[PDB]
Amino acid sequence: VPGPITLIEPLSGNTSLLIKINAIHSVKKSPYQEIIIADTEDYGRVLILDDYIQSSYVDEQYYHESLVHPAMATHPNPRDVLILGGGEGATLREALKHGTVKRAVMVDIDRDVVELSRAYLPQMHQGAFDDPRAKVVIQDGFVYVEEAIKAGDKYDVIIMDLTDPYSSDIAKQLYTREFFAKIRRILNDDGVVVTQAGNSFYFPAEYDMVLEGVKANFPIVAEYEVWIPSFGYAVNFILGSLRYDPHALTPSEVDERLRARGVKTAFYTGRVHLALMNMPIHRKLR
C-alpha cells in the first residue's frame, strides 16, 4: 500500500491517484504555477505542476511519442516545427529526431520549468535544449502566436504540449476556437497541428470544446488516445490537418518515413499508427 509519503494527484474531482514518493528534488512556486520534481516508486522521476504529473521517467515516452510522431510522420516533409509548452524538453527531443527538421522552436511561458528540467530531468530533454536546430523561447504562447501572425511566420507542424484544458488557467486561451484560427494562420498550406485535449472520459465537455475548435478550422481531424499510467487515464490527442490524412498512411509508409528520417522510438511504429487511427476514444457508457 502507498506510503508513508504520498502524492495525491487529482484526476476527475471524484477520483484521484495516491502515489508513493521516495524523494523530493525541488519545490518552486513560480509566478505561473507550483512546480515539484520528485522520485516516485512506480514511475521514477516526475515533473508535477499544480499537483498533476506532467511526465514520468518510466512512461513519458508513451506520451511524447504519441503526441509528436503521428503528426510528423503524416507530414511528408516537416522542416519548421513549433511547439507550445513542452517545458521538460521531451516533445522537442522527439520532434528533432526527424532528419527533415531544419528549425524547431519551443515556447514555454515558465522559465522555472525549463531550468528545473535542465537540472533535474536529463532523461527528458537529453540535450534537446542545446541542439543547433532548436530555439527555446520563454513567453506566453498566445503572445508568441500573435507576434508570428504579425511577422507572417509559417510552420509545417505545430505541436501543442500544454497544461490541461480542464484545469489550467495559464493555458486556457490556447484552447479556444479563436486560437485555432490563429494557429491556422501560422501554418503552411499543407501544415498540421496536434494537441493533447485532456480526457474525453472524465472531461467530455472540455474535450468537446477543443474538438469543435479544431474542426471549425481544419478540414481533416483525427482523434486518438493512449493510456499514460502516471496520469491515471488515456490522454486524448487531436490532430488537425490542412492536406494530408493520417488515416491514409499504411504501417509500411509510416515505417518507411521513420527509417528514412533516422527516427528511433521506444513505442511508435506503423502498426501503432494503424491502431491509433482505428481505436475509438473512451466515453462514459452509462
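From 1 onward, residues are counted along the sequence shown.
When the C-alpha B-factors of 244-252 and 229-237 are averaged, 244-252 comes out higher. Looking at mean Cα B-factors across 170-178 and 68-76, the upper value is held by 170-178.
Each of 191, 89, 152, 204 has a CA temperature factor in the record; the biggest one is found at 152. Highest C-alpha temperature factor among 145, 82, 96, 162, as the PDB entry reports it: 145. Annotation for residue 257: C-alpha temperature factor in the middle third relative to the rest of the modelled chain, per the entry. Residue-level temperature factors show residue 7 in the lowest third of its chain, judged at the C-alpha atom. Remark: residue 219 belongs to the middle third of its chain, ranked by C-alpha B-factor as recorded. Among all modelled residues in its chain, residue 284 ranks in the middle third by Cα B-factor. Ranked by C-alpha B-factor against the other modelled residues of its chain, residue 158 falls in the lowest third.
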